[PDB]
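Visitor: Quick one: structure below, then a few questions.
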Amino acid sequence: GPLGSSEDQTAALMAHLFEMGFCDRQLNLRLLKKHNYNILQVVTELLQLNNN
Amino acid sequence: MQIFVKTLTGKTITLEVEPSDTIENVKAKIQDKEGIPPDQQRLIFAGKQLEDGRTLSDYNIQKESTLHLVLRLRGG
């Protein structure tokens, strides 16, 4: 079917995370690869690290 | 005081909340228009979680503040 997904989408996702309160492109990258690009899981997983 | 809620879909919802408005009630003000369950509704403020049993004042939420809304869907 498709030839390939736009990897540029990752940049848009990163920006949404930075607007919250993380500013860690490294942590975001290692999280995105953990759930095969899942912004919903990344944000909630990161929150479980610093919610106190 | 009006505040803004930013969704992952790139939507900015405006809400009218009071200083004594509990986070749980805020979710209700979203539930009626969005239809999304409060239990699934997760609000992020400055990279921090908002407890349902806390008030806006607990997280120094003022006027025109932007709250992020993320949902953790479960499959199996």
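Residue numbering restarts at 1 for every chain of the structure tokens, chains are lettered A, B, ... in their displayed order, and ligands are numbered from 1 as they appear.
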Give me the chain B side of the contact with chain A, cut-off 12 Å, one line per residue showing its nearest atom pair and distance in Å at one decimal, counting only C-alpha atoms, sorted by chain and residue number, as CSV.
Guide:
residue,atom,partner,partner_atom,distance
B:5,CA,A:20,CA,11.8
B:6,CA,A:16,CA,9.7
B:7,CA,A:16,CA,9.6
B:8,CA,A:16,CA,7.7
B:9,CA,A:16,CA,10.4
B:10,CA,A:16,CA,9.3
B:40,CA,A:44,CA,11.4
B:41,CA,A:44,CA,11.3
B:42,CA,A:44,CA,8.5
B:43,CA,A:44,CA,10.2
B:44,CA,A:20,CA,6.9
B:45,CA,A:20,CA,6.6
B:46,CA,A:21,CA,4.5
B:47,CA,A:21,CA,3.7
B:48,CA,A:51,CA,5.8
B:49,CA,A:51,CA,5.8
B:50,CA,A:51,CA,8.8
B:51,CA,A:51,CA,9.7
B:65,CA,A:20,CA,11.9
B:66,CA,A:20,CA,9.2
B:67,CA,A:20,CA,8.4
B:68,CA,A:20,CA,7.0
B:69,CA,A:40,CA,10.0
B:70,CA,A:40,CA,6.4
B:71,CA,A:40,CA,6.3
B:72,CA,A:40,CA,6.0
B:73,CA,A:40,CA,8.0
B:74,CA,A:41,CA,10.3
Visitor: Determine, counting only C-alpha atoms, which protein, DNA and RNA residues have an atom within 7 Å of an atom of residue 14 in chain B; residues of the same chain fewer than 5 positions away are not included. Present the result as a list in words.
Guide: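 Returned residues: residues 2, 3, 4 and 5 of chain B.
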Visitor: Would you output that residue set with N, CA, C and O atoms, as a PDB file, in the first residue's frame?
Guide:
ATOM      1  N   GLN B   2     -12.382  32.537  32.773  1.00  0.00           N
ATOM      2  CA  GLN B   2     -12.247  31.674  31.613  1.00  0.00           C
ATOM      3  C   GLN B   2     -10.829  31.133  31.464  1.00  0.00           C
ATOM      4  O   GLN B   2      -9.844  31.848  31.657  1.00  0.00           O
ATOM      5  N   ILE B   3     -10.751  29.851  31.139  1.00  0.00           N
ATOM      6  CA  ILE B   3      -9.487  29.162  30.922  1.00  0.00           C
ATOM      7  C   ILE B   3      -9.560  28.428  29.593  1.00  0.00           C
ATOM      8  O   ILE B   3     -10.652  28.269  29.039  1.00  0.00           O
ATOM      9  N   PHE B   4      -8.428  27.979  29.073  1.00  0.00           N
ATOM     10  CA  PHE B   4      -8.421  27.281  27.798  1.00  0.00           C
ATOM     11  C   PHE B   4      -7.889  25.862  27.953  1.00  0.00           C
ATOM     12  O   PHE B   4      -6.955  25.617  28.719  1.00  0.00           O
ATOM     13  N   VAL B   5      -8.501  24.935  27.234  1.00  0.00           N
ATOM     14  CA  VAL B   5      -8.104  23.536  27.264  1.00  0.00           C
ATOM     15  C   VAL B   5      -7.609  23.113  25.884  1.00  0.00           C
ATOM     16  O   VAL B   5      -8.350  23.177  24.903  1.00  0.00           O
TER      17      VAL B   5
END
Visitor: I'd like to know which residues of chain B are strand (DSSP E) (by DSSP, run on the backbone); could you write them as a ChimeraX atom specification?
Guide: /B:2-7,12-16,41-45,48-49,66-71
